[PDB]
Amino acid sequence: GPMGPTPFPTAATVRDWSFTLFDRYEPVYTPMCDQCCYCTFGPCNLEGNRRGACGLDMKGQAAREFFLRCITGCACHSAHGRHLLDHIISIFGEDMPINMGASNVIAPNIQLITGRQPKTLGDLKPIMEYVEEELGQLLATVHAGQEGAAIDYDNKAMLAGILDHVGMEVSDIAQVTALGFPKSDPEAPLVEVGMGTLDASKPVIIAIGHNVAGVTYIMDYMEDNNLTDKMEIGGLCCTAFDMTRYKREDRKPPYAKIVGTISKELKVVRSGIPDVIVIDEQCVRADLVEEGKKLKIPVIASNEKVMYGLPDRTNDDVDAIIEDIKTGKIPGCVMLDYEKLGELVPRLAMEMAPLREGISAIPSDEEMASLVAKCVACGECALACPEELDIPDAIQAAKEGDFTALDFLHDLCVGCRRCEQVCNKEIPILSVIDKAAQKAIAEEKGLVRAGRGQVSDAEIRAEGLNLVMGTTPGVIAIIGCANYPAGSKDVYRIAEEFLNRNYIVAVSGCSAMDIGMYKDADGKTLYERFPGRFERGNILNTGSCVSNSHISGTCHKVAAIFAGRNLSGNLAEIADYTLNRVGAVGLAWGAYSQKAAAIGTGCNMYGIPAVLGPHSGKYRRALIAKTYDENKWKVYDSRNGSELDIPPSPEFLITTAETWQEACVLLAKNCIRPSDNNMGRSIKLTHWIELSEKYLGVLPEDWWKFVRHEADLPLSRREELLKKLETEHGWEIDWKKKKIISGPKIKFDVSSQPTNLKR
Amino acid sequence: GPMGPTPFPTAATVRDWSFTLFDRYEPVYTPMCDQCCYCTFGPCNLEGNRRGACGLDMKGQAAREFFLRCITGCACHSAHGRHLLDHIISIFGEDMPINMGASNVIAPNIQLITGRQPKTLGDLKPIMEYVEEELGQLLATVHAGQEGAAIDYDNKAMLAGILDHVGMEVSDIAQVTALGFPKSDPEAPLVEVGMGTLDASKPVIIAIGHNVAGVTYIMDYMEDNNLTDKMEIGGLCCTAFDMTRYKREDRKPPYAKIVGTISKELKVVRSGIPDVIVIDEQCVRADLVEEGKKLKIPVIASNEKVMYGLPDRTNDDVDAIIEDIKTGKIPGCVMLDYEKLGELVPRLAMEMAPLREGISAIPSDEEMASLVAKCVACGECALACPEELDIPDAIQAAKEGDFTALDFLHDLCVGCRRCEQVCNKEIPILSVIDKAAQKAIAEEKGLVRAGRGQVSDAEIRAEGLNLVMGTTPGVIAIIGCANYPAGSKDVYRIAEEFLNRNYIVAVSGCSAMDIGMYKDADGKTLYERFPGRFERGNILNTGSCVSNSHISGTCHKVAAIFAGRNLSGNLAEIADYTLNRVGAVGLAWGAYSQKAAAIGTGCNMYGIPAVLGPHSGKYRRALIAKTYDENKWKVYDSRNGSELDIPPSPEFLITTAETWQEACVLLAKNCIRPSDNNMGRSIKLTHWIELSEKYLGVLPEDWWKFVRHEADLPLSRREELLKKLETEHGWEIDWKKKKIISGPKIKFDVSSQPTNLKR
Amino acid sequence: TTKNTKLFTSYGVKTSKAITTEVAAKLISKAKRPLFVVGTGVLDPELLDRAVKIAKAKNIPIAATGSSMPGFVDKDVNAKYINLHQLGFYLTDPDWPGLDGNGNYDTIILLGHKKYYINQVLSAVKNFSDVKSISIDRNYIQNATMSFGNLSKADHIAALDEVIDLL
Amino acid sequence: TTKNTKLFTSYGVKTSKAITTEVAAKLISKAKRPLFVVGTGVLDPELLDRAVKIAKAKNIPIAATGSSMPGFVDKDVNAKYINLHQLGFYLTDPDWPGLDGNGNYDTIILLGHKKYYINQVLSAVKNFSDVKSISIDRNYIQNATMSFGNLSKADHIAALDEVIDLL
Ligand code: SF4
Ligand code: SF4
Ligand code: SF4
Ligand code: SF4
Ligand code: SF4
Ligand code: SF4
Ligand code: SF4
């Protein structure tokens, strides 16, 4: 077919596009240190942008650190994909047609990057070999004296991001086409998520991690022996989504449950509910064994990436391991045999449920009396709290009797146990907060729609006109982790506000879990208040982190199916199209992990801006555009190659917001795109203006830079905005016919083709 | 053939060995920092071995940092190997048989790890795919909250080390079998190494980096156009070794020269000698363009890993690039086309030699007048000096008139330019030192024997009996970088001392360059004072860092050829044999790079202890054995699996020495092995005792723990040591026949087989 | 207001100089082109009162970072909205017109900011720019030119009262 | 001897307490099982003189790390050779009999050590062990319990003379 300039791209093939992006969106480096602790020549003081012993300056070191984070995230996703694909090929078979629904392009990222069009599962192995080889080449650059410019480190970070998206696509395709995941179903079943959805009177298996291959055998054993009714299995992190989507092509509600995000791991463990804990990989707290030994909770590892120092009993019989765990000889085991693990974990749950009875780390009513009337509010825990909660004030107010302060703190706390280790009184503050919010914990329930996987091309063809023309106000992609600044309600509030205005909201990862945990006055979550299709005012859950590739997939399929441009090895042109026409913005409010950084960078390279939380300023790189330099905002009209001016939107590719209201205003503004129809620009300007006036109290000061015609003004406020333009900015307005005759810097073009590439 | 338990091993297959090793050699973590800045949950304070927000403690963080360094080094070596092998296959062909001399095991590391026996250049591609896939799996573990135990991070570091010794083997095999490198020649030509070996009256091309594929085209152009006589080409770092080994199967001396190690890069650039600088891939200072612009020195990059931000003009014609560089339009370029680069660099050297005339950054006298007599010895540069040289004192003494202090400091300085940025007077101290030692620079000449590559099986079969029995006192492998604490003479002194005692000294990397730069009273270097075969009192140079795999290959071939044990996928047994019988110790006096850490760890996993410089305590891990715990020193006799006691040797697997005399004593002691012949042990004890008495003034206090018989004692001092044993330790001695009858803890066994594996 | 300068995690070896109230007042009244950078934490009834008075004292223009603009709508101050990460990026460009069009600002006064946010934003200003930073918040900001020490709410309010008394 | 505590690169927030001469003498004379850890830098004839006198004062056993044993051969002191990394690893094991066989040492006195070496060796002692460290060297050792400030050679010699005068 018609190929492209950059198939199987490397750091040198994508350099032109990366530098074109960085020319408008300058990188901003916020170093976390003024020292480089890398080789034995150092550490070198780089404060004041000085140079180390190798000559690297502060910007180079910050860029290297961010690039290392990006490649670490890409390596996580690629290793997950490789292991999952190998297991699927070994069990199911290599020659299995790929089944992702009724799509003309099952792999919109694989085709865009590697130029290939996979048909079976054996055609995903060369792609994974390309993502591992290039990952090795990129990790070779973190060495001392192996590069020196920050700009090329940024280019390699962009390449790592796109490779991460390719790896996520590979993993999601492999698991969806095999494990019977929903195939683009817009009405996937609603499932119950929450700590209070687990019945403590039954054996409980808590599956923490990200890989679903290991736990499929556990569920097969449970179904084959008729144990689903007499046992409970609950997932944490994205493995919960993967288990929930398992075998759900029949749309029947599942029996496995979702317990929460990473912030709930320590709370779940300390509550004593789990009877067995099985860990898989990726986001897994590195202190589970220490707490489980105190609470008599066995821990089974099932991976080579995570083994926790536990004894390896893979070749041992199941019964001997059960006896060894029951007698307390060992605090856990590492079972890499999937059949043996699937047999062992449920039997271990049965044999350990009666042994541990009401065992919990929560003080009941008496130890807390001293634990609260022992502290003197010395302020060390607040200094050690990542969120800087007023823990001494809350405890002091609890001393008088009012315990609602810690009840409030429970939502604002992430369960990290950093307050209990700086105290000089040895107060388990987290358990105190847990009991102070025990009522909420018992009433912590919600509904989340199961991951739909990939968006079919029918909905994409129906919605591409609205997206490109601007009729639909845009696609807000709420992704990322659960390291929120002010609790898990900011994402819910943003999603509700942007669904009330007919945006297309697409969620994935822990953000979907946090969104589905809150209810309105009628007790209905957002997932039952709004549908799950790909159109205006519809929230659709795409799945786990490995399914964050599907959002960029829809972004590329808008240019492929609708615009008609070819996808094979055409990263630059498709990214330019997405950056110039498609209105899509990502939001990672609680991103902490390197995987989130890799996903955000890959979305940047594809032309999708992203707004992160205040905690994500520790990634040491943002991409921000100078809105006062008129020389940056010039594109080439593809019809004749002449210079065409564009509005300053998006004014960034990665930025961090302080509060969720500022995030709402940013998301509303940065969905505006060049080549916006009159109706589309009118809708987007209307929504941005109302959001800014509601959440900041003032009209945006840059609103007059986005008006190219009276038609572009909001219909309800056309007169007042016309008066504002007439008086404040001296624009000449033909008032007889409500016409704008002088003042706009860019005349409205009926059909223009703005692009950044001269070719 | 007869396979082994662990072919294509992973983190779980090598876990048993790794844990067997760590049971005797406990890890010692020296955390370089009290914080972890990995995810946005942090930074987390881990002082006092506290736990972060993910539960990781200080030991876990230090182990993760060291493991990240190890995988970075492994990735460097593996990427070098993959790129070199791809280029060789593309140009020469996939069907070439591997030519590594007369060896029945051309790949002693590939066969040991992957179980394969390559016979063609196309049989090295699956191996490199295994090293990239496992590298991706290992880099996936650096993610936040992935692993949770320091011991498993150590196990993964050991796996990363071995997969490095595999990647280095692949790269060396690929380049030796193709580029006509010497094939195990014990009479490789002596080449001139030194800054003063370059004639400033001719055009000079300085090749900095590690990859030789790019510069082979430059040399082909120079030879084809008859330019070797009228031009000079000099290499820095290991690319110099690769060039001087190019096409040297004919033993004719080369025309390319060696300028020095990494410590000489800035000095060479500032001296103004280079006319064109071409940077390949590794160990390249990241400020070359900044100095070259001031000294009008063009810079050409030739890799994707190193681009320096320079314009990419790969598709442009050579003449246009030459004109653009000559006019000063650009300060360099990136040329990934090898033929065009090979044509451009010599022509650029010709056209730029007459333009730059005596341009240098070395003030002679009058400009140095103020430069020296403006400082007031405020002590900031000494605070910023990595070696903590008395720079204020040297400058103050230079003010009076005596300039010999800075002349001395020149050898003790590494050219890192960290003293010129903390100064509040703006003194180019490095240039001051350079001129103060200008006379030495003019007299900086030496001879180094070209890399011989791999050790042939004939010499190994001749020397294995002496090595295993102890007749040869041991193999000292002086490897590593040039970050020395007290100048480049420590390695020379150690090599001379250990060659005077008939050890087998094998050098590689920058250490060979530093050893060959010093001469005795007759003006003969060590390479002409001693031969280059594999036997007692012979220094042999193996080549570049990629040739450090051949030392471990020799250690494995001792067990393969001599002991007769099979090699295919038999890492544990061969490593146990090397640790228990073969006397070999590595020395990395100036290791700074992550590659050195990976090489040291891989040598640890193979059972080869290593002594590092004082600067290598910043690697955050050592492997040290408790010499007072009698329970650690127990092995199993392979005849009947009974417990057999062994002497506390080696007392470490990785340690750091303070001075070179302590390093000599450590190397002498830790060459002692279990199952040492009464002669082998007499020789080793004699040498260790003499070295300890010479360099510390005292008899070793642990010498009586290594005596098992009268003949184990040194022959010359048998009587006095017998008296010392009789009086000090109460041993009962039959003085009629100088016999021992009571006192030794371990009886001498005529034929014992000590091993650590019960199986 | 300098007694407590304790920290949990350090950015390096160069820290902020803990200043008294008189020193802060002298610096505020000594600057030429000052800028009052106020975060969302200023919307606390106890702090929004002072911030407005401090701005009214020397007619300092106000950058109301985040969702803190609502507190400066009806007041008699010159307040404008700007993203902190875009403000920090713009302060390192000498050729930036500013919030009005007269250039950059030689010093920036910080009030009511989250510690982990302002520290990271100031890491890009104290290193790549030449702008002085005066942190009058109750926390100890390490990546600032001059900062207040750790203070309680009552002590922070008293220090702000002392500062405005000296303006 | 505490005026200059300047550092180039830090390890964290917890640093060493710059102690005076009298404090150092009191701590040396107050310890129960002390250990004099002397590096190769003690071979300077200005320092080997004092080190021997300090050892003779309170009969402190000496760990002559590195190639510093030759300076303690003929002297009337109890000196033994040990590797610094090995010594630091052994000091974190409470069951270590010691250089003589009577257990560990509660405090270690450091003299004549290279900064980058002793700092990294002490990073494994101040974190994983319960051993006090008194650094009487002319440099400022950050990873020590109590250390001297940055001093010149003459000032370091004078401080050592004062230390011996108070012992
Ligand atoms: S990599 Fe460069 S900046 Fe970092 S420690 Fe080494 S010499 Fe210093
Ligand atoms: S650290 Fe402990 S004593 Fe201090 S305020 Fe917090 S809970 Fe109270
Ligand atoms: S566990 Fe919660 S309250 Fe304690 S430090 Fe962590 S986030 Fe703060
Ligand atoms: S980058 Fe991390 S490990 Fe290195 S000095 Fe800074 S906080 Fe410490
Ligand atoms: S990885 Fe763990 S220790 Fe490191 S910053 Fe994140 S939470 Fe803290
Ligand atoms: S930093 Fe400069 S002024 Fe200070 S002692 Fe060194 S050379 Fe002299
Ligand atoms: S350039 Fe030499 S003298 Fe200057 S700081 Fe580096 S090592 Fe020390």
# chains A, B, ... in the order shown; residues from 1 in each chain; ligands from 1

call {"tool": "residues_near_ligand", "arguments": {"ligand": "ligand 3", "cutoff": "8 Å", "atoms": "only C-alpha atoms and all ligand atoms", "output": "JSON, numbers by chain"}}
result
{"A": [381, 382, 384, 385, 386, 387, 388, 389, 391, 409, 410, 412, 413, 414, 415, 416, 417, 418, 419, 420, 429, 430], "B": [53]}

call {"tool": "residues_around", "arguments": {"residues": "stretch 77-89 of chain D", "least_positions_apart": "4", "cutoff": "8 Å", "atoms": "only C-alpha atoms", "output": "CSV table (one decimal) with N, CA, C and O atoms, in the first residue's frame"}}
result
chain,number,residue,atom,x,y,z
B,28,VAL,N,26.8,-4.7,51.1
B,28,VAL,CA,27.0,-3.6,52.0
B,28,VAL,C,26.6,-2.4,51.2
B,28,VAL,O,27.1,-2.1,50.1
B,624,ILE,N,30.9,-8.1,50.7
B,624,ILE,CA,32.0,-8.3,51.7
B,624,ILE,C,31.5,-9.5,52.6
B,624,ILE,O,30.3,-9.6,52.9
B,655,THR,N,35.3,-4.9,46.7
B,655,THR,CA,35.7,-4.0,47.8
B,655,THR,C,36.4,-2.8,47.2
B,655,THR,O,36.7,-2.8,46.0
B,656,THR,N,36.6,-1.8,48.0
B,656,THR,CA,37.3,-0.6,47.6
B,656,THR,C,38.5,-0.4,48.4
B,656,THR,O,38.5,-0.5,49.7
B,657,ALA,N,39.6,-0.1,47.8
B,657,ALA,CA,40.9,0.2,48.4
B,657,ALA,C,41.2,1.7,48.5
B,657,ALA,O,40.6,2.5,47.8
B,658,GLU,N,42.0,2.0,49.5
B,658,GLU,CA,42.3,3.5,49.7
B,658,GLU,C,43.5,3.9,48.9
B,658,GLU,O,43.4,4.9,48.1
D,52,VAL,N,49.4,9.9,67.5
D,52,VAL,CA,50.0,9.0,68.4
D,52,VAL,C,49.8,9.5,69.9
D,52,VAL,O,49.5,8.7,70.8
D,55,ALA,N,46.2,8.9,70.9
D,55,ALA,CA,46.0,7.5,71.2
D,55,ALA,C,46.6,7.1,72.5
D,55,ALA,O,46.0,6.4,73.3
D,56,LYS,N,47.8,7.7,72.8
D,56,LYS,CA,48.5,7.4,74.1
D,56,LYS,C,47.7,8.0,75.3
D,56,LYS,O,47.8,7.4,76.4
D,59,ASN,N,44.5,5.6,75.8
D,59,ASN,CA,44.8,4.2,75.4
D,59,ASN,C,43.7,3.7,74.4
D,59,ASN,O,43.2,2.5,74.5
D,60,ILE,N,43.4,4.5,73.4
D,60,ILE,CA,42.4,4.1,72.4
D,60,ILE,C,43.1,3.1,71.4
D,60,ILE,O,44.2,3.4,70.9
D,61,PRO,N,42.4,2.0,71.2
D,61,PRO,CA,42.9,1.1,70.1
D,61,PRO,C,42.8,1.8,68.7
D,61,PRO,O,41.9,2.6,68.5
D,62,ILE,N,43.7,1.4,67.8
D,62,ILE,CA,43.8,2.1,66.5
D,62,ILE,C,43.5,1.2,65.4
D,62,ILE,O,44.1,0.1,65.3
D,63,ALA,N,42.7,1.6,64.5
D,63,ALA,CA,42.4,1.0,63.2
D,63,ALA,C,43.2,1.8,62.2
D,63,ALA,O,42.7,2.9,61.8
D,64,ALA,N,44.3,1.3,61.7
D,64,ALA,CA,45.2,2.0,60.7
D,64,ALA,C,44.7,1.6,59.3
D,64,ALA,O,45.3,0.7,58.7
D,65,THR,N,43.7,2.2,58.9
D,65,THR,CA,43.1,1.9,57.6
D,65,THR,C,44.0,2.3,56.4
D,65,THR,O,44.7,3.3,56.5
D,66,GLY,N,44.1,1.4,55.4
D,66,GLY,CA,44.9,1.7,54.2
D,66,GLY,C,46.4,1.4,54.5
D,66,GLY,O,46.8,0.6,55.3
D,69,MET,N,49.5,1.8,58.3
D,69,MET,CA,50.1,1.0,59.3
D,69,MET,C,51.6,1.3,59.5
D,69,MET,O,52.1,1.3,60.7
D,72,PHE,N,52.7,3.3,62.5
D,72,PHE,CA,52.4,2.8,63.9
D,72,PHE,C,53.1,1.5,64.2
D,72,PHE,O,52.6,0.7,64.9
D,93,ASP,N,27.5,-4.7,62.5
D,93,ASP,CA,27.1,-6.0,63.0
D,93,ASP,C,27.4,-6.0,64.5
D,93,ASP,O,28.5,-5.9,64.9
D,99,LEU,N,38.5,-5.8,67.0
D,99,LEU,CA,39.9,-6.0,66.7
D,99,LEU,C,40.6,-6.8,67.7
D,99,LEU,O,41.6,-7.3,67.4
D,121,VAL,N,31.9,5.8,53.3
D,121,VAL,CA,32.0,4.7,54.3
D,121,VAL,C,31.1,5.0,55.5
D,121,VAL,O,30.4,4.0,56.0
D,122,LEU,N,31.0,6.2,55.9
D,122,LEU,CA,30.2,6.6,57.0
D,122,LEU,C,28.7,6.7,56.7
D,122,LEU,O,27.8,6.7,57.6
D,124,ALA,N,27.1,4.3,55.4
D,124,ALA,CA,26.7,3.0,55.7
D,124,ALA,C,26.7,2.7,57.2
D,124,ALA,O,26.2,1.7,57.7
D,125,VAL,N,27.3,3.6,58.0
D,125,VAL,CA,27.4,3.5,59.4
D,125,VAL,C,26.4,4.4,60.2
D,125,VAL,O,25.7,3.9,61.1

call {"tool": "atom_distance", "arguments": {"atom1": "atom CA of residue A:318", "atom2": "atom CA of residue A:258"}}
result
27.4 Å

call {"tool": "residues_near_ligand", "arguments": {"ligand": "ligand 2", "cutoff": "6 Å", "atoms": "only C-alpha atoms and all ligand atoms", "output": "compact mmCIF listing (two decimals) with N, CA and C atoms, in the first residue's frame"}}
result
# COMPACT_ATOMS: atom_id res chain seq x y z
N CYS A 375 -0.31 12.79 71.78
CA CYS A 375 0.41 13.75 70.96
C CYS A 375 0.21 15.17 71.50
N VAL A 376 1.17 16.04 71.16
CA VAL A 376 1.15 17.42 71.64
C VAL A 376 1.21 18.38 70.46
N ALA A 377 0.93 17.87 69.25
CA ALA A 377 0.91 18.67 68.02
C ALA A 377 2.26 19.35 67.80
N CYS A 378 3.30 18.53 67.63
CA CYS A 378 4.65 19.03 67.41
C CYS A 378 4.94 19.35 65.95
N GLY A 379 4.07 18.94 65.03
CA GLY A 379 4.16 19.37 63.65
C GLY A 379 5.10 18.61 62.75
N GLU A 380 5.67 17.49 63.21
CA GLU A 380 6.59 16.74 62.36
C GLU A 380 5.85 15.97 61.27
N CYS A 381 4.70 15.39 61.59
CA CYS A 381 3.97 14.60 60.60
C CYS A 381 3.50 15.47 59.44
N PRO A 392 -1.50 17.49 62.84
CA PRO A 392 -1.52 17.90 64.26
C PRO A 392 -2.79 18.62 64.66
N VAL A 422 8.17 9.58 61.29
CA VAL A 422 8.85 10.74 61.84
C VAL A 422 8.36 11.08 63.24
N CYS A 423 7.27 10.47 63.69
CA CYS A 423 6.73 10.77 65.01
C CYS A 423 7.68 10.29 66.10
N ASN A 424 7.75 11.06 67.19
CA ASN A 424 8.59 10.66 68.35
C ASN A 424 7.67 10.14 69.46
N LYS A 425 6.44 9.75 69.10
CA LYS A 425 5.48 9.19 70.09
C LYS A 425 5.02 7.82 69.58

call {"tool": "interface_residues", "arguments": {"of": "chain A", "to": "chain D", "cutoff": "7 Å", "atoms": "only C-alpha atoms", "output": "PyMOL selection string"}}
result
chain A and resi 43-45

call {"tool": "closest_residue", "arguments": {"among": "D:43, D:167, D:13, D:157", "to": "chain C", "atoms": "only C-alpha atoms"}}
result
D:13

call {"tool": "closest_residue", "arguments": {"among": "A:628, A:255, A:130, A:748", "to": "chain B", "atoms": "only C-alpha atoms"}}
result
A:130

call {"tool": "residues_around", "arguments": {"residues": "residue B:174", "least_positions_apart": "2", "cutoff": "12 Å", "atoms": "only C-alpha atoms", "output": "VMD selection string"}}
result
chain B and resid 80 to 89 92 to 94 96 to 100 106 to 107 118 to 125 128 167 to 172 176 to 181 212 to 213 453 546 to 547

call {"tool": "residues_around", "arguments": {"residues": "stretch 20-35 of chain C", "least_positions_apart": "2", "cutoff": "10 Å", "atoms": "only C-alpha atoms", "output": "count of residues only"}}
result
45

call {"tool": "interface_residues", "arguments": {"of": "chain A", "to": "chain B", "cutoff": "6 Å", "atoms": "only C-alpha atoms", "output": "ChimeraX atom specification"}}
result
/A:39-40,53-56,75-76,79,132-133,136-137,140-141,145-149,282-287,305-306,308-309,416,418,592-593,615,618
